[PDB]
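A short write-up of the structure that comes next.
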Ligand SMILES: Nc1nc2c(ncn2[C@@H]2O[C@H](COP(=O)(O)OP(=O)(O)OP(=O)(O)O)[C@@H](O)[C@H]2O)c(=O)[nH]1
Ligand SMILES: COc1cc(-c2nccc3[nH]c(-c4cccc5c4ccn5C)nc23)cc(OC)c1OC
Ligand SMILES: Nc1ncnc2c1ncn2[C@@H]1O[C@H](COP(=O)(O)OP(=O)(O)CP(=O)(O)O)[C@@H](O)[C@H]1O
Ligand SMILES: Nc1nc2c(ncn2[C@@H]2O[C@H](COP(=O)(O)OP(=O)(O)O)[C@@H](O)[C@H]2O)c(=O)[nH]1
Ligand SMILES: [Ca+2]
Ligand SMILES: [Mg+2]
Ligand SMILES: [Mg+2]
């Protein structure tokens, strides 16, 4: 029997996972503060990483990577990309982004394109620097709004892509084969959060990958793999590998795995851009069972065994 | 980077290497605390002996 | 030449001191009888080793050391051991019945009956010192004696020698080798009462020594002897600068200067490589670079914690054996590229290096093999606060119920002292968290 | 660090005799008091229970106490009768008639100072006396009433020493008289307040073990006492043989008793051994560890699954791998972490001793401070109230000076004890 503890009751994903682990009959859930756990589905905030891996006779795993927040908070993510050499200063796949605290770097580059007539619409989206900058004072990230998003028809709709990525204790990088396409139901006028019509063109403003592949073929004469997914695999891999020496638990007294959500926007020229990385992502309702079983298979049961895969290994 | 203040001798050497620059109670009070604990201990002992006398 | 006095308190202190003084005697070529032929200056001197030994008219070299246990069983083995002639009887002070794992019995009740005698033997040592610089105090956090009588002794030394440095070698409690359920209580209490009295403290988590023994020495069930021989290697690394020629960490003041910029944050992490089994038949000798790089693996630290998620305020490397500066700076330049080493903005990202050409000395019939080169790193990283968080959480679990509290109150203590010590610890964790994020 | 042993009453003296028999065979001391064994280990801590006499003879530090002469004449006639210091037989003549009042207020008051004189004369010749050990039942009169009187006196004279009792609890299955629930309840009031550790040996449990487990159809008191003496040797192994721990009464108390009145331990033994029946297959360490935590091996009839362990101490005896013992112990705690309180971290201590008990190559003794012990006290409380609500059999006590009030107070204190144990069962 294995033992495990839940300490984030909001996590839909790890609710799923704890239910699966229970229904294997080889896992038992403990009281939230029993230290004698094999596995910690831990909190989102102030997770007590200094307490793991000090229980004699207990292999401990946790579903978060200490340090990963530096990829999953807008300001720190931008910082990391600019400052780290693996990301090469201005790499090709991040929008121009700046940290301004509620300024000098923003003006120097932005006024060049305000003078050069090239579209100067950074992002709460405005074109006058003062209008949004002074408004933010009422930390924020100032990013270039890609004014040429990809046209999606019928409907002329803007969209974003979420891919779910699992990093296991060995630092394998697994991309879930099913990604999601969060569509905007209303057309675009020269924000796609499902939290903000809905349902006209496809169920719940969620377009899946088989469907989006067929659209890309029929409309644009290409494959999802070739046009978009290669760039997505390149970005996921470059990001996770920049921070590997800072977060890897290879020689540690406890072990980390973590599920990440990578958010991309594709422009009109079929180039892929990284919006944000999320450390606590929510799966799509159709995909919950499959992805959560995959977590159990490759992150949890790989360490705590019992007695074709749904992931692509991004090789490093 | 920059190696500084190297000192040698027949047992070894020492040096610094730099890579980046930067951006009480008295005896009186002790005896007071200890004796207060003493009085508390002797008082509890007396409460015991009183209970036993009852 | 300024003298240093060693004080070993309770069982852990006494047995670790044993291990250290035997190692020191092997290192300085001093025999089990107190004779050092190496010493041509007969009867005295002001040599570096004289920091730790005094000389008699009969050529006997005598530890500037006092052993102090509230019960006689352990110090009596010191009295009938291989090194019986080494110590003058007065140096070995023993009580009669112990502190029963109770901080308050060791501090208050049994403590006050022996504190004055200890202080007078310590003054008998101090009066044979031309220029005392301070004391090295060896003790456990979790014992009754090591906890309570140590904090009492520390307060008194502060008053009798207010100008002398005091360094701690402190054993942090680990359930694998544990002796009492209340050890978190004793730990918090003694830390809170000793803090302002202690200039630099080297913490040793019995968990870390234990796993090091099992993993790197292939010993399934480490005894105290294994743990203490290894511990004395690290201690000797840390004190060799006081017993030998060099320019780095030459007095106890320089330990605070180089390692402790803030007085409260005075717990430097020790890391030590290589720990290689004497039973390993074929062993490949590790390079300067391999052992320097081992210094940034947690599995070699005296306390398991993750320095990547903290900041550095200081960093020393003490090498012993075949080492040369060019190889050290080469290893450092390699490591900075590949590892997460962040300092505080108000400190220099730099390393203070100290090299002693003579390889680490090993006790014959031990578990450690000879190596051509070893290193002991002393880093003041905020990540050591992980130990405090652990301790404090355990303390909180018990204290929420006042479990065992009555044992303390029953020796004269007040519940208030518990809450006071815990608030001090919470402060300490907050200071660490501020410096480190 | 010497211990002074004291056995009082019929039951007191029988289990005590069996204890001294057992550990005297362990330490290689014959009935004439001479050492005829094969290891220095057997003497390294012989001072804890024996004094040295002329000619290198060993004499138990044991005071034998009764209000009747019968049982103690039986002890003298017994196989190890001659090993006891004759001066240390202190007896009255009238008896206590299974009556707590007689033991505590009338017949035992006459005798108690004489007992205390023999105590004193054993303490004065003790380099550093840790404390006292009492064996007695709680359902009769001498052991119950006079034993608790003695415990109160001794606490008066030696307030800073450890008081330790092995206390047989009464049960209707093994019952001499209907007034045992009275004698026990009065007794528990005393034990709650003047002892640091009390091993709750329940006669019910001993009977069930003898019946169900050892397949003895009609168990005597001798069989029940074989079990008690096994458990007592096991519990005291660490005082009597040297280990990594360097064991003593006070540190055991500190480590076992989070709250002063909750100091009543469930003992257990494994493997369960019938008298004389030889055990040919030694047990594996997993086996000792599963059995030792089995309810069928508990000497107090409580179901440990009905409560939570506050603290646990376990003692393994024999040549075995300490690695495997740690593995299995950690194993039990981690597989049943529900039944161990989480607000006392690392609340299970394990010691080992190389020397095994006579007859076995592998054995394990268990000392549990579980809240489930409330069951035992509840049982006595029920039996008590069933009579007391009709003031039945009270004349035996009021005739000796006692008043109904003292009974109501005793009942009330025990019900309080049950409430505390319950309080921490849900914390
Ligand atoms: N590393 C190491 N730890 C030890 C040694 N001896 C005891 N300990 C640890 O010390 C802690 C308990 O402190 P002790 O020194 O044994 O207690 P004490 O100072 O002798 O205090 P009392 O006996 O209670 O009066 C436990 O956590 C043990 O793990 C030792 O020789 N080496
Ligand atoms: C007098 O007899 C004995 C004494 C000792 C003992 N002696 C010295 C220090 C100790 N620390 C702990 C000890 C340490 C940590 C947790 C503990 C204990 C005890 C119970 N929990 C939960 N136990 C100790 C041990 C014995 O059995 C394990 C024993 O036999 C019954
Ligand atoms: N440079 C850019 N060009 C085009 N759209 C952009 C953009 N930067 C952000 N967006 C849009 O902003 C929307 C929401 O902003 P953002 O990426 O900061 O949070 P999010 O989409 O990941 C949801 P949440 O913040 O709740 O996790 C995205 O759906 C995306 O369409
Ligand atoms: N296990 C065991 N229990 C006993 C023995 N003798 C008596 N008892 C129990 O002790 C109680 C009677 O106490 P007893 O010692 O005979 O009374 P006392 O001698 O006047 O103090 C009853 O509950 C009996 O079941 C014995 O030899 N072994
Ligand atoms: Ca000299
Ligand atoms: Mg001790
Ligand atoms: Mg009878």
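Residue numbers (the authors' numbering), protein chains in the order written: chain F, 1 to 102, 128 to 148, 161 to 175, 179 to 230, 240 to 245, 252 to 362, 372 to 380; chain E, 6 to 28, 44 to 74; chain A, 1 to 437; chain B, 2 to 428.
For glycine and all other residues, C-beta sits at the position ideal for the given N, C-alpha and C.
Contact under 7 Å by Cβ, residue i with residue j
i, j, result
"residue 271 of chain B", "residue 365 of chain B", "yes"
"residue 198 of chain A", "residue 163 of chain A", "no"
"residue 229 of chain A", "residue 19 of chain A", "yes"
"residue 301 of chain F", "residue 379 of chain A", "no"
"residue 273 of chain A", "residue 300 of chain A", "yes"
"residue 11 of chain B", "residue 72 of chain B", "yes"
"residue 288 of chain A", "residue 331 of chain A", "yes"
"residue 298 of chain B", "residue 269 of chain B", "yes"
"residue 138 of chain A", "residue 87 of chain A", "no"
"residue 227 of chain A", "residue 277 of chain A", "no"
Residue i Cβ short of 6 Å to ligand 7 heavy atom set
i, result
"residue 177 of chain B", "yes"
"residue 292 of chain B", "no"
Any non-hydrogen atom of ligand 6 within 6 Å of residue i CB
i, result
"residue 327 of chain A", "no"
Opening and closing residue of the alpha helix (DSSP H) in which residue i lies
i, result
"residue 293 of chain F", "285-297"
"residue 65 of chain F", "That residue, residue 65 of chain F, is in no alpha helix (DSSP H); it is neither H nor E in DSSP."
"residue 21 of chain A", "10-27"
"residue 349 of chain F", "343-350"
"residue 253 of chain A", "252-259"
Closer than 6 Å: residue i CB and nearest ligand 4 heavy atom
i, result
"residue 244 of chain B", "no"
"residue 78 of chain A", "no"
Enclosing beta strand (DSSP E) for residue i [first to last residue]
i, result
"residue 344 of chain B", "From DSSP, residue 344 of chain B is part of no beta strand (DSSP E); its letter is neither H nor E."
"residue 179 of chain B", "First-last for residue 179 of chain B: undefined, no H or E at that position."
"residue 27 of chain F", "27-29"
"residue 166 of chain A", "165-172"
"residue 317 of chain B", "310-319"
For residue j and residue i, the rounded distance between their alpha carbons
i, j, result
"residue 28 of chain E", "residue 349 of chain A", "10 Å"
"residue 271 of chain F", "residue 136 of chain F", "37 Å"
"residue 385 of chain F", "residue 191 of chain B", "There is simply no residue 385 of chain F to check, as chain F begins at 1 and stops at 380 in what is shown."
"residue 85 of chain A", "residue 35 of chain A", "10 Å"
"residue 209 of chain B", "residue 221 of chain B", "12 Å"
"residue 284 of chain B", "residue 363 of chain B", "6 Å"
"residue 191 of chain A", "residue 50 of chain F", "19 Å"
Residue i beta carbon near ligand 2 (any heavy atom closer than 6 Å)
i, result
"residue 155 of chain B", "no"
Ligand 5 heavy atom lying under 6 Å from the CB of residue i
i, result
"residue 55 of chain A", "yes"
"residue 33 of chain A", "no"
"residue 39 of chain A", "yes"
heavy atom of ligand 3 below 6 Å from residue i C-beta
i, result
"residue 399 of chain A", "no"
"residue 40 of chain F", "no"
"residue 382 of chain F", "There is no way to answer for residue 382 of chain F, as the model of chain F reaches only from 1 to 380."
"residue 8 of chain F", "no"
"residue 95 of chain F", "yes"
Proximity test, residue i beta-carbon vs ligand 1 heavy atom, cut-off 6 Å
i, result
"residue 75 of chain A", "no"
Residues of the segment 151-166 of chain B whose Cβ lies closer than 8 Å to any Cβ of chain E, in chain order: 153, 156, 157 and 160
Closer than 9 Å, Cβ to Cβ, to anything on chain A: give me those residues from the segment 238-262 of chain B, in chain order. 245, 246, 247, 249, 251, 252, 254, 255, 256, 257, 258, 259, 260 and 261
Positions along the segment 53-67 of chain E whose CB lies within less than 9 Å of some CB in chain B: So the list reads 65, given in the order they occur along the chain.
When you check each C-beta in the segment 19-52 of chain F against every C-beta of chain B, which residues fall closer than 8 Å? 30, 31, 33, 34, 35 and 36
What residues in the segment 54-73 of chain F have a beta carbon less than 9 Å from any beta carbon of chain B? 55, 56, 57 and 58
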